[PDB]
Amino acid sequence: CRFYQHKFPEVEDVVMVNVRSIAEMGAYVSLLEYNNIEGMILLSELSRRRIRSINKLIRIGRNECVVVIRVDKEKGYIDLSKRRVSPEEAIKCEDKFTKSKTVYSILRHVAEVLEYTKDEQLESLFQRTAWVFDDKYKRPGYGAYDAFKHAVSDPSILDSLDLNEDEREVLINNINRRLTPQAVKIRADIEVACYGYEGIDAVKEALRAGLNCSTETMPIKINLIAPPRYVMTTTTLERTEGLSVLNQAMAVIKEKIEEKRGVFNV
Amino acid sequence: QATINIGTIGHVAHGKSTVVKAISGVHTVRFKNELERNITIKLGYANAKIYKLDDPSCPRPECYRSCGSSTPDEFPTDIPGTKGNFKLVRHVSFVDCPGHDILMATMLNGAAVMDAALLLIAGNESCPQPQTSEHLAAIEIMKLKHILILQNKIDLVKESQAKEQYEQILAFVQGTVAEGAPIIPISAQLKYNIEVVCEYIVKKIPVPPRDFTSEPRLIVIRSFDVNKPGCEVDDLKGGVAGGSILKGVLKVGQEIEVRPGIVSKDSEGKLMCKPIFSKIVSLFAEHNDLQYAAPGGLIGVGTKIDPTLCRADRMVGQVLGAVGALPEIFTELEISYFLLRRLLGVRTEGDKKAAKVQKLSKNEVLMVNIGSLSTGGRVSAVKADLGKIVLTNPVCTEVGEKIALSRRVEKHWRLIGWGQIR
Amino acid sequence: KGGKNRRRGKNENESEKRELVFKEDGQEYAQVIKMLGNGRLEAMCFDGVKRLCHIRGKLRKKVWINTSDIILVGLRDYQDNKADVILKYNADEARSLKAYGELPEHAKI
RNA sequence: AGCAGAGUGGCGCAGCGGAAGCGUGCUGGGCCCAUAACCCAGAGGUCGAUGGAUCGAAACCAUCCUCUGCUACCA
């Protein structure tokens with residue numbers, strides 16, 4: 001069924017297709033960036049340079065990024081072109097192609113149980129759920145994946161509008177399985193060069209105080225990579241909440257060790 | 001623990017691992033392993049237990065027989081006795097010094113804390129070989145004469161060649177003690193006559209008088225690889241010094257001071273140095289726990305110093321005294337000295353070169369090996385029997401003892417003379 | 001060649017197969033060492049003596065003697081260093097001669 | 001041992017959320033009177049193990065092992 005918010009493409013929009021035949025006059029191709037509607041590419045507007053081979057360019061069974069040059073709205077002729085394509089558009093379109101595939105796979109679990117004897121089943125599910133998720137956040141550059149990703153980490157998004165059954169478990173499982181494990185790249189940077197002998201116990205007091213105002217029972221990940229370097233991967237959230245945990249903790253270890261003898265790295 | 005330190009010094013290409021494993025049973029090993037471009041060029045460590053079945057031969061644990069594995073060309077077998085437990089005679093310690101000429105300053109340092117030696121001669125090269133003489137002379141200067149020459153590589157060397165070599169060495173060294181030192185030819189490819197070596201080292205080398213009552217002094221020569229394992233970091237519960245003690249029974253929990261010191265921040269001169277103080281965590285020797293560390297033995301003293309001082313070999317030739325030791329920490333020093341009339345440690349097949357070296361000139365950098373310390377320093381005043389030297393890093397002078405003085409002849413320093421501090 | 005033309009005005013051909021002199025007196029088997037130009041060429045004899053081989057009439061552009069391979073060489077009656085090519089063989093013929101045991105068993109093809 | 005890569009389906013390099021990806025080679029065909037250049041065509045097959053989501057996993061994501069790259073120590 002449709003993979004996109006609108007059924008028909010517009011004018012000058014970047015899309016994706018999959019080649020199913022090669023024509024004399026260009027390439028007649030099916031879309032997989034929308035419905036399986038037909039769109040015709042023309043030979044002239046594929047490149048601005050010569051062309052020796054022809055199967056080392058376009059061939060069957062390839063996703064190809066393209067621009068919709070014209071569309072007949074009533075007839076359903078989607079004129080197409082590969083002449084204006086930049087690699088930056090390919091990154092943006094590959095993401096939207098891949099994200100729609102995963103979102104429609106989530107909106108396939110819904111159809112496994114419900115009445116789907118007719119092809120239009122998924123279309124019924126798509127219009128009513130998809131649009132209110134993505135339309136509210138299309139202007140900021142988000143897909144319906146953002147709405148679902150927000151629901152798993154704070155559940156009020158999918159309870160603000162009609163909640164389905166049995167969907168919720170598989171929805172949670174698939175969001176939490178695929179978009180994790182989930183991750184902190186927090187590493188402490190600490191340098192010490194002691195003349196102390198009481199440094200061994202001094203470091204222990206400093207290590208356990210990586211995060212202030214936490215319980216004595218807080219689990220953390222200590223790492224020793226080299227003798228002066230003390231890496232502490234602090235409490236694992238998303239690395240946008242443990243910023244204060246990373247920054248101010250570094251001051252503790254370097255200060256605690258200077259009090260017991262000599263100068264150290266700051 | 002240990003009772004005596006026998007050193008295993010010997011010039012290039014005689015094989016160290018075969019002989020060292022036969023005497024101690026503990027491999028000589030160090031950084032870069034790897035193995036060894038030839039023979040060990042690091043300061044190796046090893047201890048061993050010497051027992052008897054009431055026989056001059058020394059057993060293995062399996063004391064019924066011993067079948068070697070030195071070569072599969074033939075089977076070398078020896079018989080120490082038969083089994084029913086063996087009586088412990090003593091615990092011995094070794095000091096494997098560098099076998100290569102460039103490493104002379106290190107060989108000197110390591111040597112200077114031994115109580116006896118084993119000159120490992122190799123029959124492959126020249127008969128009055130440079131390094132044999134170099135070693136021997138240094139040994140008689142430091143205060144030892146408990147030497148057992150060992151002909152360590154005469155496996156394929158014919159009996160005329162090997163006979164000529166022992167003769168020429170013993171005839172060149174006509175002014176250095178060596179006539180009361182035995183010369184034991186051995187095999188190192190079939191480990192033969194090893195049993196008779198065991199008889200020699202208990203005969204020629206008893207325990208010399210050790211002063212327990214006198215104040216502890218530990219001379220550290222080797223650092224420690226502590227720490228960085230797990231679990232619980234960082235840096236360590238600290239740092240281990242491989243040192244021998246030459247005076248005093250160092251007891252566990254005692255505080256010890258490393259006396260060459262660390263220099264004060266923003267010094268405009270050559271003074272001031274401040275000793276570092278560390279409490280003794282543990283007194284480990286062999287593989288057996290101890291509460292004491294008797295003198296005359298090479299012991300691993302774990303102390304409460306932190307990883308940076310032991311992360312590399314940086315505690316070579318440091319003097320440690322318990323605690324607030326009286327020994328002066330000179331930065332500029334008054335050497336009395338004398339020179340050899342030959343250049344020691346160099347002499348090849350053809351007169352080229354080895355003769356009389358010219359007199360020292362002021363503002364030249366020379367290695368003064370004082371104690372086990374190795375510092376570099378420049379000569380500020382040069383009279384024949386009174387030179388004044390200024391040293392880069394301060395030297396703790398335990399006693400006025402001896403010194404060894406070397407001059408940069410070419411690529412590296414070479415031994416020119418000795419003397420005594422005033 | 002790759003077909004072409006003007007290659008039929010002249011006597012096709014071929015080696016209807018055939019057979020088999022030797023050696024004779026100063027007329028023996030050698031192996032091509034190098035492959036000079038102009039015309040001449042190098043070839044070490046199978047006995048042990050080196051020599052420099054020379055092409056012979058007819059065999060000029062009527063038979064190509066690629067590098068490496070047995071070949072029949074007359075020796076000059078008086079000259080040592082330079083020698084004179086005869087009568088080449090076939091690689092199959094050379095391995096049959098080797099299997100017979102008449103030339104020395106030292107060179108590979 | 002910290003970090004990185006990989007654990008062939010011809011080779012070599014190993015590409016990404018669709019079951020050989022890229023470059024190359026070998027073998028065959030085409031073009032040409034012929035060669036080169038140029039154009040096409042190939043090939044038994046969980047891609048080290050133990051698991052989860054999945055329609056499916058070298059490849060989506062984990063838990064383990066091994067080999068190496070850089071850094072580097074316990075031994």
# chains A, B, ... in the order shown; residues from 1 in each chain; ligands from 1
>>> interface_residues(of="chain D", to="chain C", cutoff="10 Å", atoms="only C-alpha atoms (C1' of nucleotides)", output="MDAnalysis selection string")
chainID D and resid 33:35
>>> closest_atom_pairs(of="chain D", to="chain B", cutoff="12 Å", atoms="only C-alpha atoms (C1' of nucleotides)", output="Markdown table")
| residue | atom | partner | partner_atom | distance |
| --- | --- | --- | --- | --- |
| D:1 | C1' | B:229 | CA | 8.5 |
| D:2 | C1' | B:228 | CA | 11.5 |
| D:72 | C1' | B:228 | CA | 11.5 |
| D:73 | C1' | B:228 | CA | 7.5 |
| D:74 | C1' | B:229 | CA | 6.1 |
| D:75 | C1' | B:33 | CA | 10.5 |
>>> write_last_selection(atoms="N, CA and C atoms (P, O5', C5', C4', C3', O3' and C1' of nucleotides)", output="PDB file, in the first residue's frame")
ATOM      1  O5'   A D   1      42.424  -8.863  28.413  1.00  0.00           O
ATOM      2  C5'   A D   1      42.239  -8.005  29.534  1.00  0.00           C
ATOM      3  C4'   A D   1      42.833  -6.615  29.316  1.00  0.00           C
ATOM      4  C3'   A D   1      42.199  -5.776  28.207  1.00  0.00           C
ATOM      5  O3'   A D   1      40.949  -5.226  28.637  1.00  0.00           O
ATOM      6  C1'   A D   1      44.555  -5.545  28.160  1.00  0.00           C
ATOM      7  P     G D   2      39.905  -4.723  27.551  1.00  0.00           P
ATOM      8  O5'   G D   2      40.293  -3.222  27.250  1.00  0.00           O
ATOM      9  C5'   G D   2      39.920  -2.158  28.132  1.00  0.00           C
ATOM     10  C4'   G D   2      40.289  -0.803  27.509  1.00  0.00           C
ATOM     11  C3'   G D   2      39.738  -0.599  26.088  1.00  0.00           C
ATOM     12  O3'   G D   2      38.379  -0.138  26.129  1.00  0.00           O
ATOM     13  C1'   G D   2      42.024  -0.074  26.088  1.00  0.00           C
ATOM     14  P     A D  72      51.982   3.169  23.514  1.00  0.00           P
ATOM     15  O5'   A D  72      51.480   1.982  24.437  1.00  0.00           O
ATOM     16  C5'   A D  72      50.780   2.218  25.663  1.00  0.00           C
ATOM     17  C4'   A D  72      50.277   0.893  26.282  1.00  0.00           C
ATOM     18  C3'   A D  72      51.382  -0.023  26.825  1.00  0.00           C
ATOM     19  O3'   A D  72      51.721   0.344  28.170  1.00  0.00           O
ATOM     20  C1'   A D  72      50.085  -1.263  25.330  1.00  0.00           C
ATOM     21  P     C D  73      52.919  -0.452  28.849  1.00  0.00           P
ATOM     22  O5'   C D  73      52.193  -1.645  29.606  1.00  0.00           O
ATOM     23  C5'   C D  73      51.568  -1.377  30.870  1.00  0.00           C
ATOM     24  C4'   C D  73      51.051  -2.669  31.528  1.00  0.00           C
ATOM     25  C3'   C D  73      52.129  -3.708  31.909  1.00  0.00           C
ATOM     26  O3'   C D  73      51.791  -4.327  33.158  1.00  0.00           O
ATOM     27  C1'   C D  73      50.547  -4.745  30.575  1.00  0.00           C
ATOM     28  P     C D  74      52.877  -4.861  34.172  1.00  0.00           P
ATOM     29  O5'   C D  74      52.265  -6.270  34.551  1.00  0.00           O
ATOM     30  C5'   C D  74      51.263  -6.346  35.576  1.00  0.00           C
ATOM     31  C4'   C D  74      50.245  -7.442  35.257  1.00  0.00           C
ATOM     32  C3'   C D  74      50.777  -8.868  35.111  1.00  0.00           C
ATOM     33  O3'   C D  74      51.064  -9.416  36.399  1.00  0.00           O
ATOM     34  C1'   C D  74      49.112  -8.447  33.473  1.00  0.00           C
ATOM     35  P     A D  75      52.543  -9.808  36.809  1.00  0.00           P
ATOM     36  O5'   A D  75      52.796 -11.129  35.987  1.00  0.00           O
ATOM     37  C5'   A D  75      51.978 -12.288  36.187  1.00  0.00           C
ATOM     38  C4'   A D  75      52.009 -13.160  34.929  1.00  0.00           C
ATOM     39  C3'   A D  75      53.397 -13.604  34.453  1.00  0.00           C
ATOM     40  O3'   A D  75      53.841 -14.738  35.191  1.00  0.00           O
ATOM     41  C1'   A D  75      52.208 -12.748  32.623  1.00  0.00           C
TER      42        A D  75
END
>>> residues_around(residues="residue 36 (chain B)", least_positions_apart="2", cutoff="12 Å", atoms="only C-alpha atoms (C1' of nucleotides)", output="PyMOL selection string")
chain B and resi 12-13+15-17+28-34+38-42+98-100
>>> residues_around(residues="residue 161 (chain A)", least_positions_apart="4", cutoff="10 Å", atoms="only C-alpha atoms (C1' of nucleotides)", output="compact mmCIF listing (two decimals) with C-alpha atoms, in the first residue's frame")
# COMPACT_ATOMS: atom_id res chain seq x y z
CA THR A 129 -3.29 6.88 12.45
CA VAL A 132 -2.15 12.84 13.01
CA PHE A 133 1.30 11.51 14.07
CA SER A 156 1.18 9.94 26.61
CA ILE A 157 1.63 10.34 22.82
>>> residues_around(residues="region 104-117 of chain A", least_positions_apart="5", cutoff="8 Å", atoms="only C-alpha atoms (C1' of nucleotides)", output="PDB file with N, CA, C and O atoms, in the first residue's frame")
ATOM      1  N   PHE A   3       3.196   4.205   1.187  1.00  0.00           N
ATOM      2  CA  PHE A   3       4.215   4.329   2.206  1.00  0.00           C
ATOM      3  C   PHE A   3       4.326   5.779   2.673  1.00  0.00           C
ATOM      4  O   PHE A   3       5.039   6.078   3.621  1.00  0.00           O
ATOM      5  N   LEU A 122      -4.916  -1.848   4.874  1.00  0.00           N
ATOM      6  CA  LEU A 122      -3.788  -1.101   5.364  1.00  0.00           C
ATOM      7  C   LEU A 122      -3.981   0.373   5.108  1.00  0.00           C
ATOM      8  O   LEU A 122      -3.584   1.214   5.907  1.00  0.00           O
ATOM      9  N   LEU A 125      -6.050   1.841   7.993  1.00  0.00           N
ATOM     10  CA  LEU A 125      -5.178   2.037   9.130  1.00  0.00           C
ATOM     11  C   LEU A 125      -4.214   3.183   8.928  1.00  0.00           C
ATOM     12  O   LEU A 125      -4.059   4.025   9.805  1.00  0.00           O
ATOM     13  N   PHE A 126      -3.601   3.273   7.730  1.00  0.00           N
ATOM     14  CA  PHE A 126      -2.649   4.303   7.398  1.00  0.00           C
ATOM     15  C   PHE A 126      -3.197   5.714   7.528  1.00  0.00           C
ATOM     16  O   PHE A 126      -2.635   6.533   8.240  1.00  0.00           O
ATOM     17  N   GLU A 167      -1.413  -4.356  19.928  1.00  0.00           N
ATOM     18  CA  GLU A 167      -0.465  -3.483  19.291  1.00  0.00           C
ATOM     19  C   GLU A 167       0.549  -2.958  20.262  1.00  0.00           C
ATOM     20  O   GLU A 167       1.744  -2.974  19.986  1.00  0.00           O
ATOM     21  N   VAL A 170       3.773  -5.262  21.120  1.00  0.00           N
ATOM     22  CA  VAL A 170       4.638  -5.362  19.959  1.00  0.00           C
ATOM     23  C   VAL A 170       5.245  -4.017  19.584  1.00  0.00           C
ATOM     24  O   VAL A 170       6.423  -3.930  19.237  1.00  0.00           O
ATOM     25  N   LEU A 171       4.474  -2.922  19.710  1.00  0.00           N
ATOM     26  CA  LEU A 171       4.922  -1.554  19.534  1.00  0.00           C
ATOM     27  C   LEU A 171       6.065  -1.218  20.475  1.00  0.00           C
ATOM     28  O   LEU A 171       7.143  -0.820  20.031  1.00  0.00           O
ATOM     29  N   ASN A 174       9.178  -3.568  19.708  1.00  0.00           N
ATOM     30  CA  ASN A 174       9.894  -3.206  18.516  1.00  0.00           C
ATOM     31  C   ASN A 174      10.612  -1.867  18.586  1.00  0.00           C
ATOM     32  O   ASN A 174      11.669  -1.705  17.973  1.00  0.00           O
TER      33      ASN A 174
END
>>> residues_around(residues="region 41-56 of chain D", least_positions_apart="3", cutoff="6 Å", atoms="only C-alpha atoms (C1' of nucleotides)", output="MDAnalysis selection string")
(chainID A and resid 177) or (chainID D and resid 7:9)
>>> residues_around(residues="region 60-72 of chain B", least_positions_apart="4", cutoff="12 Å", atoms="only C-alpha atoms (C1' of nucleotides)", output="PyMOL selection string")
chain B and resi 15+17-19+21-25+48-53+55+76-88+155+187-192+194-195
>>> write_last_selection(atoms="C-alpha atoms", output="compact mmCIF listing (two decimals), in the first residue's frame")
# COMPACT_ATOMS: atom_id res chain seq x y z
CA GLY B 15 73.84 -18.43 26.28
CA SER B 17 68.88 -18.95 29.68
CA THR B 18 70.35 -22.50 29.68
CA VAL B 19 72.87 -21.80 32.49
CA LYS B 21 67.70 -22.22 34.46
CA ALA B 22 70.17 -24.94 35.52
CA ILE B 23 71.39 -22.98 38.58
CA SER B 24 68.19 -21.25 39.77
CA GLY B 25 65.30 -22.85 37.87
CA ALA B 48 66.37 -20.35 44.23
CA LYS B 49 66.39 -23.04 46.93
CA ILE B 50 69.54 -25.16 47.35
CA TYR B 51 69.06 -28.45 49.18
CA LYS B 52 71.16 -31.60 49.55
CA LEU B 53 70.37 -35.32 49.89
CA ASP B 55 75.45 -35.28 48.57
CA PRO B 76 71.86 -35.79 28.98
CA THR B 77 70.94 -37.47 32.25
CA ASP B 78 72.43 -36.97 35.72
CA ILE B 79 71.63 -38.68 39.02
CA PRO B 80 71.49 -36.56 42.22
CA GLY B 81 70.37 -39.49 44.39
CA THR B 82 67.12 -41.14 45.42
CA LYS B 83 64.08 -39.89 47.16
CA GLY B 84 62.85 -39.50 50.71
CA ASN B 85 63.00 -35.70 51.08
CA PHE B 86 66.08 -33.48 51.05
CA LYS B 87 67.57 -31.14 53.65
CA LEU B 88 67.41 -27.39 52.94
CA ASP B 155 80.44 -27.41 23.66
CA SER B 187 78.57 -28.07 29.08
CA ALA B 188 75.62 -25.81 28.28
CA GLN B 189 74.26 -28.09 25.54
CA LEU B 190 74.26 -31.20 27.76
CA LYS B 191 74.28 -29.52 31.24
CA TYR B 192 77.28 -31.54 32.38
CA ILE B 194 76.52 -28.84 36.90
CA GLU B 195 76.52 -31.06 40.01
>>> select_by_dssp(residues="region 196-256 of chain A", states="alpha helix (DSSP H)", output="JSON list (two decimals) with N, CA, C and O atoms, in the first residue's frame")
[["chain", "number", "residue", "atom", "x", "y", "z"],
["A", 199, "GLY", "N", 47.64, 8.04, 48.42],
["A", 199, "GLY", "CA", 46.89, 8.25, 47.20],
["A", 199, "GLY", "C", 45.94, 7.13, 46.90],
["A", 199, "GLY", "O", 44.87, 7.37, 46.36],
["A", 200, "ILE", "N", 46.27, 5.89, 47.29],
["A", 200, "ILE", "CA", 45.44, 4.72, 47.05],
["A", 200, "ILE", "C", 44.07, 4.80, 47.71],
["A", 200, "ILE", "O", 43.05, 4.56, 47.06],
["A", 201, "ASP", "N", 43.99, 5.23, 48.98],
["A", 201, "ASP", "CA", 42.75, 5.47, 49.68],
["A", 201, "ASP", "C", 42.10, 6.79, 49.31],
["A", 201, "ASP", "O", 40.87, 6.93, 49.29],
["A", 202, "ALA", "N", 42.91, 7.81, 48.95],
["A", 202, "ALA", "CA", 42.42, 9.10, 48.51],
["A", 202, "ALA", "C", 41.58, 9.03, 47.25],
["A", 202, "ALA", "O", 40.51, 9.63, 47.16],
["A", 203, "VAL", "N", 42.06, 8.23, 46.28],
["A", 203, "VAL", "CA", 41.35, 7.96, 45.05],
["A", 203, "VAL", "C", 40.01, 7.27, 45.32],
["A", 203, "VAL", "O", 39.01, 7.63, 44.71],
["A", 204, "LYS", "N", 39.92, 6.33, 46.28],
["A", 204, "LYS", "CA", 38.67, 5.63, 46.59],
["A", 204, "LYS", "C", 37.52, 6.53, 47.03],
["A", 204, "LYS", "O", 36.39, 6.35, 46.58],
["A", 205, "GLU", "N", 37.81, 7.52, 47.90],
["A", 205, "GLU", "CA", 36.86, 8.55, 48.30],
["A", 205, "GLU", "C", 36.41, 9.41, 47.12],
["A", 205, "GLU", "O", 35.23, 9.72, 46.96],
["A", 206, "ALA", "N", 37.35, 9.77, 46.23],
["A", 206, "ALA", "CA", 37.09, 10.52, 45.02],
["A", 206, "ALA", "C", 36.27, 9.77, 43.98],
["A", 206, "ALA", "O", 35.37, 10.34, 43.36],
["A", 207, "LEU", "N", 36.54, 8.46, 43.77],
["A", 207, "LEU", "CA", 35.80, 7.62, 42.84],
["A", 207, "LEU", "C", 34.33, 7.48, 43.19],
["A", 207, "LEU", "O", 33.44, 7.59, 42.35],
["A", 243, "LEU", "N", 25.54, 15.41, 31.70],
["A", 243, "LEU", "CA", 26.51, 16.46, 31.41],
["A", 243, "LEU", "C", 27.11, 17.05, 32.68],
["A", 243, "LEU", "O", 28.33, 17.24, 32.78],
["A", 244, "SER", "N", 26.29, 17.32, 33.71],
["A", 244, "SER", "CA", 26.76, 17.84, 34.98],
["A", 244, "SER", "C", 27.53, 16.81, 35.78],
["A", 244, "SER", "O", 28.50, 17.12, 36.48],
["A", 245, "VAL", "N", 27.15, 15.53, 35.60],
["A", 245, "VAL", "CA", 27.82, 14.37, 36.13],
["A", 245, "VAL", "C", 29.21, 14.19, 35.56],
["A", 245, "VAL", "O", 30.15, 13.82, 36.25],
["A", 246, "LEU", "N", 29.37, 14.45, 34.26],
["A", 246, "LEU", "CA", 30.66, 14.41, 33.62],
["A", 246, "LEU", "C", 31.56, 15.58, 33.97],
["A", 246, "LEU", "O", 32.71, 15.40, 34.34],
["A", 247, "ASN", "N", 31.04, 16.82, 33.87],
["A", 247, "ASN", "CA", 31.87, 18.00, 34.03],
["A", 247, "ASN", "C", 32.38, 18.25, 35.44],
["A", 247, "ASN", "O", 33.57, 18.43, 35.68],
["A", 248, "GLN", "N", 31.47, 18.26, 36.44],
["A", 248, "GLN", "CA", 31.82, 18.66, 37.79],
["A", 248, "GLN", "C", 32.55, 17.58, 38.56],
["A", 248, "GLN", "O", 33.34, 17.86, 39.46],
["A", 249, "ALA", "N", 32.37, 16.30, 38.17],
["A", 249, "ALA", "CA", 33.05, 15.17, 38.75],
["A", 249, "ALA", "C", 34.54, 15.19, 38.53],
["A", 249, "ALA", "O", 35.34, 14.75, 39.36],
["A", 250, "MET", "N", 34.98, 15.73, 37.37],
["A", 250, "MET", "CA", 36.38, 15.84, 37.06],
["A", 250, "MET", "C", 37.15, 16.75, 37.99],
["A", 250, "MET", "O", 38.31, 16.50, 38.32],
["A", 251, "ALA", "N", 36.48, 17.82, 38.46],
["A", 251, "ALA", "CA", 37.00, 18.73, 39.46],
["A", 251, "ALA", "C", 37.24, 18.04, 40.80],
["A", 251, "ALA", "O", 38.25, 18.28, 41.45],
["A", 252, "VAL", "N", 36.35, 17.10, 41.23],
["A", 252, "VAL", "CA", 36.48, 16.39, 42.50],
["A", 252, "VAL", "C", 37.78, 15.63, 42.63],
["A", 252, "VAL", "O", 38.53, 15.80, 43.59],
["A", 253, "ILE", "N", 38.10, 14.78, 41.64],
["A", 253, "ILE", "CA", 39.25, 13.88, 41.71],
["A", 253, "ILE", "C", 40.57, 14.63, 41.72],
["A", 253, "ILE", "O", 41.46, 14.33, 42.50],
["A", 254, "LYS", "N", 40.68, 15.65, 40.86],
["A", 254, "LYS", "CA", 41.85, 16.50, 40.78],
["A", 254, "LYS", "C", 42.04, 17.37, 42.02],
["A", 254, "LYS", "O", 43.17, 17.64, 42.38],
["A", 255, "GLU", "N", 40.96, 17.77, 42.72],
["A", 255, "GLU", "CA", 41.08, 18.57, 43.93],
["A", 255, "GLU", "C", 41.45, 17.74, 45.15],
["A", 255, "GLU", "O", 42.37, 18.06, 45.90],
["A", 256, "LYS", "N", 40.80, 16.57, 45.32],
["A", 256, "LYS", "CA", 41.00, 15.66, 46.45],
["A", 256, "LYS", "C", 42.43, 15.16, 46.58],
["A", 256, "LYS", "O", 42.93, 14.89, 47.67]]
>>> atom_distance(atom1="CA of residue 216 (chain A)", atom2="CA of residue 190 (chain A)")
21.9 Å
>>> select_by_dssp(residues="region 4-59 of chain C", states="strand (DSSP E or B)", output="list in words")
residues 24, 27, 28, 29, 30, 31, 41, 42, 44, 45, 52, 53 and 54 of chain C
>>> closest_residue(among="B:284, B:413, B:292, B:418", to="residue 335 (chain B)", atoms="only C-alpha atoms")
B:418
